[PDB]
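Remarks on the structure that follows.
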14 protein chains.
Amino acid sequence: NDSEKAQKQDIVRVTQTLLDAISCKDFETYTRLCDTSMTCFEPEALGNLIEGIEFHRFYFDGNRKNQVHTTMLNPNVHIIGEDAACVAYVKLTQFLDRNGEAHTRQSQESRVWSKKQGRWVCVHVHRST
Amino acid sequence: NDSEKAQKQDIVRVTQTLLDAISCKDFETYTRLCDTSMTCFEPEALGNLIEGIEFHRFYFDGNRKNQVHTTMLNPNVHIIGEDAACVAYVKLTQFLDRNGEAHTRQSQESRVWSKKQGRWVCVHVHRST
Amino acid sequence: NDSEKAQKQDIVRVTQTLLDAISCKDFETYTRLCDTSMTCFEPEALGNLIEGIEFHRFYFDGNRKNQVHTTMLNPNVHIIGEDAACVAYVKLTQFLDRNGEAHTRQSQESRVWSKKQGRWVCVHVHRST
Amino acid sequence: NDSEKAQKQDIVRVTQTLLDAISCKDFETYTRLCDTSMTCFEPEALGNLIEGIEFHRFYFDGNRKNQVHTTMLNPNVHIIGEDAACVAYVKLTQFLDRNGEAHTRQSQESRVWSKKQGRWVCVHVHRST
Amino acid sequence: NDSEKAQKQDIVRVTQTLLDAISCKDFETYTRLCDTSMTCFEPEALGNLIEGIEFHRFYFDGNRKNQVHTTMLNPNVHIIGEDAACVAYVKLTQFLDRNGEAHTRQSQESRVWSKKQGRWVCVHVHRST
Amino acid sequence: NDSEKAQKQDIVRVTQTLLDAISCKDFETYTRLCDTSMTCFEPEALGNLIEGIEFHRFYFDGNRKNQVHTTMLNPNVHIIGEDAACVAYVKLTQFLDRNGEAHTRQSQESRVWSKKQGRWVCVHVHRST
Amino acid sequence: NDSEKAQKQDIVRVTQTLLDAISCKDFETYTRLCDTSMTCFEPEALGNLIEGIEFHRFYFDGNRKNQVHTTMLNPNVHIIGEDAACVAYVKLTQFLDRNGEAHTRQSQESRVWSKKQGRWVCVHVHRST
Amino acid sequence: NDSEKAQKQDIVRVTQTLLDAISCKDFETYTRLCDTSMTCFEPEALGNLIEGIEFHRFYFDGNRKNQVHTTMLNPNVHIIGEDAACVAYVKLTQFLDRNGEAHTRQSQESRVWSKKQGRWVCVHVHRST
Amino acid sequence: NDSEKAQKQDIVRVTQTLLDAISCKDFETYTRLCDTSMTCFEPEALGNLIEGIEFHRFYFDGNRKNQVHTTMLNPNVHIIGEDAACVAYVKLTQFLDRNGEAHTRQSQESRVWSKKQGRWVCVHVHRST
Amino acid sequence: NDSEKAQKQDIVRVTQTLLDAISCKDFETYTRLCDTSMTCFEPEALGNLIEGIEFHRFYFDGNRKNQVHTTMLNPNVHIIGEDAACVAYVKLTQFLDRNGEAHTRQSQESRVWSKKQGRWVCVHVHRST
Amino acid sequence: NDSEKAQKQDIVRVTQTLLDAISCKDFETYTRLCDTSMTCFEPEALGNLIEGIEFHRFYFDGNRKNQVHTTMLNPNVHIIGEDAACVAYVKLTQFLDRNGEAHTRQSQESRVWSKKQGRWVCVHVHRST
Amino acid sequence: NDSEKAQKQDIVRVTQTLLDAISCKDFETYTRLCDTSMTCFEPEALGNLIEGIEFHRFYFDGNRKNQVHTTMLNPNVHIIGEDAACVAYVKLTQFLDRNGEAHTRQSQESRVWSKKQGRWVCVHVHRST
Amino acid sequence: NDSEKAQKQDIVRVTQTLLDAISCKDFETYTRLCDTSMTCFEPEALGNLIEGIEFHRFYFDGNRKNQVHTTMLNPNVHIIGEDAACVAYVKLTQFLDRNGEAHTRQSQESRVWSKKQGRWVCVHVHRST
Amino acid sequence: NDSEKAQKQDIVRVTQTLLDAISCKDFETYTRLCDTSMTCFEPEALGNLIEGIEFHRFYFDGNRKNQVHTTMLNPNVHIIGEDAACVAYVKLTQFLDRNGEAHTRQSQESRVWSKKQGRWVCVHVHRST
């Protein structure tokens with residue numbers, strides 16, 4: 001359970017690396033961490049199950065980091081072998097809007113990881129609220 | 001590949017078994033299919049991550065099937081080895097009204113399955129909308 | 001245009017048969033006219049594409065007709081190839097309430113017909129509003 | 001099924017061409033792909049069945065594209081006869097506002113294709129929601 | 001203008017006879033006064049142009065006169081030859097509803113008349129509000 | 001029959017001329033086409049029957065065409081002799097918005113035409129919704 | 001003037017009698033006081049002008065006195081020519097509904113009296129708010 | 001009777017002049033045509049009966065017309081002898097607001113006319129809605 | 001002064017007597033203290049000045065109490081001569097509703113008194129809010 | 001009564017003078033006509049019984065006349081002896097806006113007058129709504 | 001301060017006794033503890049300053065204790081001499097409903113106490129919200 | 001008594017002084033009359049009991065007047081000894097808004113005074129509504 | 001550290017017992033586990049800090065449980081030495097209302113634990129939302 | 001106790017300092033007072049429990065003092081074991097917005113202090129409403 005407890009950390013490390021990727025619009029690191037067969041259920045998709053990375057690009061063009069701050073709270077992992085793991089966490093986002101006001105946005109996320117040829121890559125993601 | 005396809009069919013089938021279980025409010029099948037460490041993100045949890053199974057039991061108490069048919073639409077399955085797999089699908093629920101009118105409800109579910117000692121079990125579920 | 005005007009008259013007659021089958025909840029006749037791989041976009045389906053006839057089976061239960069009168073207005077027909085056609089019409093439904101009041105409902109419909117084994121079968125339907 | 005799998009791949013490619021023609025307001029290409037007797041049910045038409053292409057011409061004016069990205073998801077294709085097909089898909093549109101905000105729009109679509117003079121032309125379209 | 005002033009009266013007579021027909025659900029007198037090719041724009045049709053009498057029948061079945069009273073106000077006629085005339089009038093309807101309350105319903109009507117083989121018959125009608 | 005068809009085309013054409021006239025706010029054509037005794041039931045009249053033409057003039061004052069295309073859908077014509085005819089049709093109007101957005105408006109119109117001294121003229125109009 | 005002051009007294013007496021007839025739904029008195037061609041603008045006629053006595057008869061069916069008391073405030077009489085006069089006044093109506101509550105209803109009324117063949121009779125009435 | 005037909009015309013003419021006086025704020029004509037004792041019920045008086053011409057003066061301040069058109073629909077006149085009359089008519093008003101938007105206001109009017117020393121004067125006016 | 005102090009009390013007493021009569025619906029006392037010519041401005045009259053004891057009779061029919069207490073706060077009395085006076089006071093009323101709940105109503109009251117032939121009588125009352 | 005009808009004109013005049021003073025913010029005339037111990041019930045006192053003239057000073061400060069006309073409708077006076085009276089009436093206030101929109105305000109007023117050393121002074125005022 | 005800390009307990013106690021009396025509708029204890037000239041500001045007085053004990057009698061009539069608990073939070077006392085004090089505090093009221101739903105009401109209370117002949121009596125109370 | 005009448009006046013004066021200080025934002029006078037230990041219950045404190053002169057300093061920063069008048073209605077004062085007192089009063093404030101409009105604010109106020117070493121000082125204040 | 005890990009467990013255990021005590025209304029256990037001085041912030045206290053166990057007693061009336069389930073999610077504990085601790089956790093509550101409808105209520109809680117004479121007791125509780 | 005009473009004074013001093021640091025957005029002081037592992041329930045964290053100092057840093061960017069004054073009311077301190085304590089208090093915040101208006105904001109806060117290596121530091125904070 002020591003090579004398991006450490007394995008979880010890897011997941012947290014990777015998903016944290018994955019999050020920082022989206023935060024500053026680093027599409028290259030996004031594609032390296034996301035498989036090509038990645039399924040997706042998220043608010044930007046309206047109840048549709050998206051396939052592949054392409055659909056995600058749209059959100060990697062522009063003003064870059066908008067002085068926003070995201071926080072992954074209590075990551076919760078599940079181990080299933082030594083190449084497959086899933087992690088669920090609450091993601092908090094802090095931002096200032098239109099006039100400079102401060103607001104917090106919240107969303108529940110789930111990610112399914114697969115150790116493909118050494119390195120972990122995200123196969124499926126699900127976001128809500 | 002064929003071992004894969006068949007494997008995917010194995011996932012869709014159990015998931016289907018579980019859904020039928022929830023419809024007819026059959027605890028036993030539910031608990032037989034849902035692990036002890038099963039984590040869950042769902043509307044009834046208000047954005048909180050749920051653990052255990054004690055929580056889900058609140059809904060299986062009562063009048064069984066409210067004469068409400070549910071459909072699992074185009075299940076997308078992911079294979080990770082031979083003991084880890086995940087499936088994403090849209091879930092449709094048709095139910096009758098007070099005045100007898102017919103209505104349809106939608107939610108997007110994800111489920112992670114770990115093959116623990118031969119039999120498949122759900123370790124994490126995520127429902128939304 | 002007589003082999004064209006006849007075939008349109010014919011196409012309209014089978015959809016009329018299908019609509020009647022639906023009105024008096026005749027699923028046997030209904031499935032005779034709907035292909036096994038039939039797809040469908042419709043309000044009861046919430047933006048999802050449905051395959052098969054089982055989903056529509058749900059509306060075929062519960063007594064029979066009511067004081068419901070349905071009408072297919074100005075059916076527009078396109079003849080395509082060997083055994084293909086598509087038809088478009090506004091479907092009008094005259095009904096009464098619990099208070100005996102008379103109301104009129106509308107919906108726009110599209111059906112695609114294919115002739116297999118000498119019989120016209122609906123392979124796709126799109127209903128809106 | 002290879003003369004079936006090819007023809008579906010083909011049908012999807014022409015609707016992709018049509019959708020692009022619409023996105024960048026290319027009416028010349030648009031009319032090349034839409035029959036002269038094309039019919040249409042669509043939100044902009046308010047429950048009425050439209051004939052011709054002139055009505056749709058209205059949307060082809062005004063600069064060109066915007067920061068609009070459109071996508072055709074899980075296109076479902078039915079092959080009918082000689083030169084007939086019909087396709088169904090959820091059309092996803094990613095756009096931005098005056099405030100630079102990103103929004104996602106959806107619409108369910110059905111098109112009926114006929115092959116005349118060796119070319120696939122759309123003879124009927126139904127769009128909803 | 002004496003055979004014109006009298007001709008108008010005929011129209012008023014006939015349309016008044018036509019109204020009393022609908023009031024006490026006399027379908028036979030309705031069909032005798034309404035042509036077979038009668039076009040119709042009315043609230044029960046939802047913006048659709050109805051053709052023929054059939055669609056009208058629905059409203060000639062039931063409780064008969066419901067203790068209601070209609071009044072044709074200031075008829076206004078137009079003469080066009082000696083076999084074609086159109087009349088427009090405001091139609092007021094008095095009724096008691098659910099509990100016994102008294103309410104007045106109003107609608108604007110237009111009718112186009114044709115003298116076919118001696119007797120006048122309604123070819124087209126349009127009601128609003 | 002052929003004299004009839006051609007005659008019907010005569011009605012649809014003038015009506016079309018009148019509609020174009022209203023679009024480009026061309027009084028002259030309007031008044032040339034609308035009789036002196038023309039009665040009218042329309043939304044701008046609030047359920048009142050209008051006489052003369054003085055009233056309609058209020059709308060032709062100003063910026064001509066607001067860059068708004070109108071379409072007369074499937075004109076249904078009625079023949080009554082050779083100097084009396086009526087036509088019913090749905091009318092669609094596409095117009096631009098403040099923010100440049102596109103919008104469609106609908107109304108159901110009826111028009112009565114009297115052939116007075118060779119030229120066709122409108123004696124009564126009825127618009128709704 | 002004592003002749004006019006006494007004449008202004010008769011207008012108030014008949015008008016008062018007409019108001020009681022209406023209160024206890026005494027129709028014979030009503031018709032003995034309202035001309036056969038009496039004109040009328042009133043709430044129950046929605047902006048429309050009524051002619052005749054027939055329209056009003058609708059309201060004389062039923063429960064004589066509904067436990068309601070109407071009061072004619074400061075009648076103002078105008079004597080015009082010979083056998084002609086008009087009166088304006090506020091009409092208050094106190095009534096008991098449900099729950100035993102007491103309420104007051106207000107209206108402004110105008111009536112025109114013609115002394116046809118001796119007896120004063122109302123030829124025109126306008127009621128508002 | 002034609003004597004009566006012309007008297008009714010005289011009444012429609014003077015009341016049309018009175019409307020014009022109001023429309024362009026010509027207070028002299030207004031005073032000429034209205035009696036000193038004239039009473040009045042109207043929106044600008046909130047259920048109160050007004051006496052004297054004074055109260056009306058206020059609306060005759062500057063701003064002549066306002067690109068506003070007032071219409072007098074089908075005036076109903078009652079002739080009570082040779083020196084008394086009352087007229088009832090619906091009055092339409094199309095006004096241009098801001099944004100150059102065309103709207104229509106409606107109201108029901110009644111005017112009592114007394115013929116004094118040869119000339120007709122309005123002794124009472126009632127307006128609603 | 002002491003004579004004026006006595007007269008002031010006398011008015012407090014009578015009016016107090018008058019309110020107690022209104023409380024228990026004693027019409028005899030009420031008409032004894034309220035002169036015939038008594039004028040009234042009160043919420044129930046809707047801004048209309050009321051005359052005589054008539055309009056009031058409507059409130060003296062009914063239960064005869066209601067479990068509501070009425071108080072006369074700081075009566076302020078003006079003495080004008082030995083036969084005229086006026087008093088103003090805040091009037092508090094406490095009442096128990098349906099659900100056995102106590103509530104307080106308030107109102108502003110002014111009364112004008114006249115010592116007509118010995119006894120004091122109210123000739124005018126103004127109530128508000 | 002010719003002496004009673006005289007005292008009543010005098011009371012109407014002084015109160016007319018008093019209101020004129022209020023319109024043109026003539027505080028000197030106000031005080032000369034109002035008793036130093038005048039009582040008050042009015043909206044601006046929010047339910048409180050005001051005493052004295054001081055409270056009203058606030059309102060006399062400002063832009064004298066604001067292009068606003070006030071009329072005192074049908075005044076009713078009560079004579080109580082040759083030295084006391086009270087008058088009731090509805091006061092109509094017509095005023096303009098920024099947009100130059102005409103509006104009418106309304107209130108109900110009671111005033112008590114006392115003859116002190118020959119001059120009529122107001123000892124109590126009551127204004128509602 | 002040990003004498004000041006003593007007088008402060010005494011003031012908290014008596015006021016505790018006083019509130020206990022109000023809860024269990026013990027009017028005898030209420031009066032014994034409240035001065036006959038006690039002043040009052042509280043919701044039930046709707047903004048009026050009540051004087052005396054009479055006004056409160058109304059509330060002591062009823063079902064003694066209604067299953068409602070009241071608590072006096074952090075009392076603050078002011079000692080002004082050995083015979084006068086005032087205390088301030090928030091009073092919490094917990095009560096049930098018909099459905100048996102628990103709720104908490106809240107108010108802010110100030111009370112002024114005067115030592116008269118040895119006993120502490122409340123001369124002024126103030127309750128808000 | 002006369003000594004008590006003098007002490008009562010003294011409290012009216014000081015508190016009056018205290019309100020004028022608050023009106024023109026004179027913090028010096030305010031802290032001179034308000035003892036250090038002064039407690040407060042006021043709308044701005046939101047049901048929270050406030051202590052010391054601190055919380056109040058926030059309102060003495062600003063324009064220094066505002067064109068608002070403040071009155072002290074019927075002060076009721078209780079004398080407790082020669083060094084303690086309390087007063088209650090309705091407080092009227094008249095203010096002119098943005099659009100040069102006058103308005104009246106009201107509030108219920110109670111104050112507790114202590115003659116600490118010669119001068120009077122407020123140790124507690126309660127404001128409401 | 002494991003010593004610290006077990007101390008945190010002891011804290012999660014006692015607070016879970018306290019939740020159970022509340023859940024089934026066992027007031028003895030409640031009193032045992034809560035200190036006499038326990039302070040509290042919570043909805044049932046409306047922003048007021050509560051002191052003493054008394055105030056809570058109210059919620060321990062009859063109706064043991066209510067088919068309601070309370071859940072304590074991921075409890076975060078802080079260990080401040082061997083006799084102090086504070087725990088933070090989210091608390092979920094699924095309750096059955098009327099109609100047998102399942103709902104979830106949420107709230108964030110914090111409990112401060114002091115270890116006295118060997119046994120842990122709650123000295124403070126804060127609850128929100 | 002003088003030791004505990006002085007210890008309860010330090011908790012109020014540090015808490016007061018922490019509140020000023022937050023007021024003027026002085027982060028170094030903030031982090032010198034909040035543990036690195038401080039827990040937190042607060043509005044800005046929507047029902048979620050935060051860990052660390054990083055989340056809070058978002059709010060220290062910008063305009064030091066926004067012209068706002070916060071006040072800590074009646075702090076209540078609980079001393080637990082050694083080097084441990086908690087404090088509860090209401091925090092009022094008066095602020096000037098736009099239009100120059102003054103408002104008050106209220107919140108209930110709970111903080112837990114651990115005396116780690118001499119200096120008291122906050123390890124847990126809960127803020128509500």
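How things are named: the first chain in the structure tokens is A, the next is B, and so on; residues count from 1 in each chain; ligands count from 1 in the order shown.
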Legend entry - All strand (DSSP E) residues (DSSP, backbone) inside chain E, as a ChimeraX atom specification: /E:34-41,50-51,69-72,76-79,84-96,102-116,119-128
Legend entry - alpha helix (DSSP H) call set, DSSP backbone run, chain B, as a PyMOL selection string: chain B and resi 2-23+27-33
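Residues with any atom within 6 Å of region 82-87 of chain N, counting only C-alpha atoms and excluding same-chain neighbours fewer than 6 positions away, are residues 76, 110, 111, 112, 113, 114 and 115 of chain N.
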Take the residues from that selection and put them in a file with N, CA, C and O atoms, as a PDB file, in the first residue's frame.
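The new file again-v8.pdb reads:
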```pdb
ATOM      1  N   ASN N  76     -16.612  36.495  22.125  1.00  0.00           N
ATOM      2  CA  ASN N  76     -16.810  35.533  23.199  1.00  0.00           C
ATOM      3  C   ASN N  76     -15.660  34.535  23.072  1.00  0.00           C
ATOM      4  O   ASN N  76     -15.504  33.869  22.049  1.00  0.00           O
ATOM      5  N   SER N 110     -16.206  32.563  13.560  1.00  0.00           N
ATOM      6  CA  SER N 110     -15.654  31.701  14.586  1.00  0.00           C
ATOM      7  C   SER N 110     -14.212  31.442  14.214  1.00  0.00           C
ATOM      8  O   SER N 110     -13.936  31.103  13.077  1.00  0.00           O
ATOM      9  N   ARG N 111     -13.290  31.628  15.149  1.00  0.00           N
ATOM     10  CA  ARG N 111     -11.875  31.350  14.884  1.00  0.00           C
ATOM     11  C   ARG N 111     -11.282  30.516  16.024  1.00  0.00           C
ATOM     12  O   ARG N 111     -11.681  30.654  17.181  1.00  0.00           O
ATOM     13  N   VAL N 112     -10.346  29.634  15.684  1.00  0.00           N
ATOM     14  CA  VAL N 112      -9.701  28.776  16.663  1.00  0.00           C
ATOM     15  C   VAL N 112      -8.209  29.096  16.665  1.00  0.00           C
ATOM     16  O   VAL N 112      -7.556  29.022  15.623  1.00  0.00           O
ATOM     17  N   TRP N 113      -7.678  29.444  17.836  1.00  0.00           N
ATOM     18  CA  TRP N 113      -6.267  29.779  17.978  1.00  0.00           C
ATOM     19  C   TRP N 113      -5.439  28.762  18.771  1.00  0.00           C
ATOM     20  O   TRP N 113      -5.830  28.307  19.850  1.00  0.00           O
ATOM     21  N   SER N 114      -4.284  28.424  18.211  1.00  0.00           N
ATOM     22  CA  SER N 114      -3.346  27.496  18.814  1.00  0.00           C
ATOM     23  C   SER N 114      -2.102  28.306  19.115  1.00  0.00           C
ATOM     24  O   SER N 114      -1.629  29.046  18.261  1.00  0.00           O
ATOM     25  N   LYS N 115      -1.575  28.183  20.327  1.00  0.00           N
ATOM     26  CA  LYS N 115      -0.373  28.926  20.683  1.00  0.00           C
ATOM     27  C   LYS N 115       0.849  28.077  20.364  1.00  0.00           C
ATOM     28  O   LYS N 115       1.492  27.522  21.245  1.00  0.00           O
TER      29      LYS N 115
END
```
Inset, instruction - Considering only C-alpha atoms, return as a list in words whatever protein or nucleic-acid residues lie within 9 Å of residue 55 (chain H), sequence-local ones (same chain, fewer than 3 positions apart) excluded. - result: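 Close residues of residue 55 (chain H): residues 50, 51, 52, 58 and 59 of chain H; 69, 70, 71 and 94 of chain J.
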For the residues in that selection, give me C-alpha atoms as a PDB file, in the first residue's frame.
```pdb
ATOM      1  CA  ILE H  50     -65.224  67.873 -14.791  1.00  0.00           C
ATOM      2  CA  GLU H  51     -67.108  71.127 -15.344  1.00  0.00           C
ATOM      3  CA  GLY H  52     -66.120  74.161 -17.357  1.00  0.00           C
ATOM      4  CA  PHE H  58     -53.804  72.674 -19.894  1.00  0.00           C
ATOM      5  CA  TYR H  59     -53.555  70.255 -22.848  1.00  0.00           C
TER       6      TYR H  59
ATOM      7  CA  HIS J  69     -52.450  73.634 -12.410  1.00  0.00           C
ATOM      8  CA  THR J  70     -54.742  72.593  -9.554  1.00  0.00           C
ATOM      9  CA  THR J  71     -58.524  72.574  -9.558  1.00  0.00           C
ATOM     10  CA  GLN J  94     -52.263  68.426 -13.534  1.00  0.00           C
TER      11      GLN J  94
END
```
Inset, instruction - Just give me the gap between CA of residue 31 (chain I) and CA of residue 123 (chain I) in Å, one decimal is fine. - result: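 Between CA of residue 31 (chain I) and CA of residue 123 (chain I) the gap works out to 11.3 Å.
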Wanna dump the chain B-chain M contacts at 12 Å for me, each residue with its shortest atom pair and the distance in Å to one decimal, counting only C-alpha atoms, ordered by chain and number, as JSON lines?
```
{"residue": "B:39", "atom": "CA", "partner": "M:73", "partner_atom": "CA", "distance": 11.7}
{"residue": "B:42", "atom": "CA", "partner": "M:104", "partner_atom": "CA", "distance": 11.5}
{"residue": "B:43", "atom": "CA", "partner": "M:104", "partner_atom": "CA", "distance": 9.3}
{"residue": "B:44", "atom": "CA", "partner": "M:104", "partner_atom": "CA", "distance": 6.3}
{"residue": "B:45", "atom": "CA", "partner": "M:104", "partner_atom": "CA", "distance": 7.2}
{"residue": "B:46", "atom": "CA", "partner": "M:104", "partner_atom": "CA", "distance": 7.5}
{"residue": "B:47", "atom": "CA", "partner": "M:106", "partner_atom": "CA", "distance": 10.1}
{"residue": "B:48", "atom": "CA", "partner": "M:73", "partner_atom": "CA", "distance": 8.3}
{"residue": "B:49", "atom": "CA", "partner": "M:73", "partner_atom": "CA", "distance": 8.1}
{"residue": "B:50", "atom": "CA", "partner": "M:73", "partner_atom": "CA", "distance": 7.3}
{"residue": "B:51", "atom": "CA", "partner": "M:73", "partner_atom": "CA", "distance": 8.1}
{"residue": "B:52", "atom": "CA", "partner": "M:73", "partner_atom": "CA", "distance": 10.4}
{"residue": "B:53", "atom": "CA", "partner": "M:71", "partner_atom": "CA", "distance": 11.4}
{"residue": "B:54", "atom": "CA", "partner": "M:71", "partner_atom": "CA", "distance": 8.9}
{"residue": "B:55", "atom": "CA", "partner": "M:71", "partner_atom": "CA", "distance": 7.6}
{"residue": "B:56", "atom": "CA", "partner": "M:94", "partner_atom": "CA", "distance": 10.1}
{"residue": "B:57", "atom": "CA", "partner": "M:69", "partner_atom": "CA", "distance": 10.1}
{"residue": "B:58", "atom": "CA", "partner": "M:94", "partner_atom": "CA", "distance": 7.5}
{"residue": "B:59", "atom": "CA", "partner": "M:102", "partner_atom": "CA", "distance": 7.4}
{"residue": "B:60", "atom": "CA", "partner": "M:102", "partner_atom": "CA", "distance": 10.8}
{"residue": "B:61", "atom": "CA", "partner": "M:100", "partner_atom": "CA", "distance": 10.4}
{"residue": "B:62", "atom": "CA", "partner": "M:100", "partner_atom": "CA", "distance": 9.1}
{"residue": "B:63", "atom": "CA", "partner": "M:100", "partner_atom": "CA", "distance": 10.0}
{"residue": "B:98", "atom": "CA", "partner": "M:99", "partner_atom": "CA", "distance": 11.2}
```
Store the residues picked out above in a file with N, CA and C atoms, as a compact mmCIF listing (two decimals), in the first residue's frame.
```txt
# COMPACT_ATOMS: atom_id res chain seq x y z
N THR B 39 -16.88 5.92 -4.74
CA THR B 39 -17.03 7.37 -4.59
C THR B 39 -18.05 7.83 -5.63
N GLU B 42 -23.01 13.23 -7.65
CA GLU B 42 -24.35 13.22 -8.22
C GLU B 42 -25.24 14.34 -7.69
N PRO B 43 -26.26 14.74 -8.47
CA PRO B 43 -27.18 15.81 -8.06
C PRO B 43 -27.73 15.73 -6.64
N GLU B 44 -27.99 14.52 -6.16
CA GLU B 44 -28.53 14.33 -4.82
C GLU B 44 -27.49 14.62 -3.73
N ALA B 45 -26.23 14.75 -4.14
CA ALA B 45 -25.14 15.02 -3.21
C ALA B 45 -24.78 16.50 -3.14
N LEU B 46 -25.47 17.31 -3.93
CA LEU B 46 -25.26 18.76 -3.96
C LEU B 46 -23.82 19.24 -4.21
N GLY B 47 -23.11 18.57 -5.10
CA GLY B 47 -21.75 19.00 -5.38
C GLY B 47 -20.73 18.47 -4.40
N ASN B 48 -21.17 17.58 -3.52
CA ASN B 48 -20.28 16.98 -2.53
C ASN B 48 -19.85 15.63 -3.07
N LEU B 49 -18.68 15.16 -2.68
CA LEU B 49 -18.25 13.84 -3.12
C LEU B 49 -18.73 12.88 -2.03
N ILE B 50 -19.40 11.81 -2.44
CA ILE B 50 -19.94 10.82 -1.52
C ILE B 50 -19.10 9.55 -1.48
N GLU B 51 -19.00 8.94 -0.30
CA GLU B 51 -18.26 7.69 -0.13
C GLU B 51 -19.17 6.63 0.47
N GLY B 52 -18.74 5.38 0.42
CA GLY B 52 -19.55 4.32 0.96
C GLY B 52 -20.79 4.01 0.14
N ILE B 53 -21.81 3.45 0.79
CA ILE B 53 -23.06 3.09 0.12
C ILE B 53 -24.25 3.46 0.99
N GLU B 54 -23.98 3.72 2.26
CA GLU B 54 -25.02 4.09 3.21
C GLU B 54 -25.96 5.14 2.62
N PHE B 55 -25.36 6.11 1.93
CA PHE B 55 -26.07 7.23 1.33
C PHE B 55 -27.11 6.86 0.27
N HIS B 56 -26.71 6.02 -0.67
CA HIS B 56 -27.59 5.59 -1.75
C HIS B 56 -28.82 4.82 -1.29
N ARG B 57 -28.70 4.15 -0.15
CA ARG B 57 -29.78 3.36 0.42
C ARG B 57 -31.06 4.14 0.67
N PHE B 58 -30.93 5.44 0.87
CA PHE B 58 -32.10 6.26 1.14
C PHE B 58 -33.12 6.23 0.01
N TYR B 59 -32.65 6.03 -1.21
CA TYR B 59 -33.52 6.03 -2.38
C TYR B 59 -34.18 4.70 -2.74
N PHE B 60 -33.64 3.59 -2.23
CA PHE B 60 -34.19 2.27 -2.52
C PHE B 60 -35.31 1.88 -1.58
N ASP B 61 -35.70 2.78 -0.69
CA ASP B 61 -36.76 2.46 0.26
C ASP B 61 -38.14 2.83 -0.25
N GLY B 62 -39.00 1.84 -0.49
CA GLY B 62 -40.32 2.19 -0.92
C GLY B 62 -40.96 1.35 -2.04
N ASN B 63 -41.83 2.06 -2.77
CA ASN B 63 -42.67 1.52 -3.83
C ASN B 63 -41.98 1.00 -5.12
N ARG B 98 -48.79 12.80 -12.64
CA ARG B 98 -49.97 12.79 -11.77
C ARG B 98 -51.21 12.64 -12.63
```
Inset, instruction - Figure out the distance between CA of residue 122 (chain B) and CA of residue 17 (chain B), please, to one decimal in Å. - result: 11.8 Å
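Close contacts of residue 13 (chain B), defined as residues with an atom at most 12 Å away when counting only C-alpha atoms, with chain neighbours fewer than 6 positions off set aside, comprise residues 6, 7, 19, 20, 33, 72, 75, 77, 87 and 120 of chain B.
Atom pair CA of residue 108 (chain M) / CA of residue 89 (chain M) has a distance of 6.2 Å (rounded to one decimal).
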Inset, instruction - Compile the contact shell of residue 21 (chain C) as a PyMOL selection string: residues with an atom at most 6 Å away, counting only C-alpha atoms, same-chain residues fewer than 4 positions apart removed. - result: chain C and resi 25-26+30
